[PDB]
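Coming up is one lone chain in structure tokens, specifically the form deposited without the named molecule.
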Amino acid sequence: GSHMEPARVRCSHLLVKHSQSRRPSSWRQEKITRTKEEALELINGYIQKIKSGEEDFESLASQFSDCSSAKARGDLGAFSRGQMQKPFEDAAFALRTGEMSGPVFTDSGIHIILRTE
């Protein structure tokens, strides 16, 4: 008598892209020439800060996300399943209040998912 995964969850997301993509363009830089390994270093760097509580995810997502989502704070409030990608959904809906998925690798870049609520 339980629901298969939550129906709606709130999770904030950060996106770091890399050269290997169909569009290596950012809002803070023209051509993203950073390779995957460089992106990994960046991602892991934030992942540690998020656990230790060095910098706030909202501030990170609003600055380090190559996507326009940075200006959207990085948070999308409570979202349903049919709003996110398959890998994102699996990770986001598997995070409880305080959990962080980490590096979600997609073709459009690496997404960091943190359960804010």
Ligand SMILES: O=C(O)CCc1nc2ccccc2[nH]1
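In this text, residue numbers run from 1 along the sequence as written.
Form solved in complex with the named molecule: not shown, discussed below.
Open item on the list: Can you tell me if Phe88 lies within 4.5 angstroms of the named molecule in the deposited bound form, counting non-hydrogen atoms only?
Closed with: Yes, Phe88 sits close enough to the named molecule in the deposited bound form that at least one of its heavy atoms falls within 4.5 Å.
Open item on the list: Would you classify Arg23 as touching the named molecule in the deposited bound form, given a 4.5 Å non-hydrogen atom cut-off?
Closed with: Yes - in the deposited bound form, heavy atoms of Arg23 and the named molecule come within 4.5 Å of each other.
- [ ] Could you confirm whether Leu40 comes within 4.5 Å of the named molecule in the deposited bound form, counting heavy atoms only?
- [x] Taking the distances in the deposited bound form, the answer for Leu40 is no, it never comes within 4.5 Å of the named molecule.
Task: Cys67: touches the named molecule in the deposited bound form, heavy atom cutoff 4.5 angstroms - done: Heavy-atom contact with the named molecule at 4.5 Å: present for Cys67.
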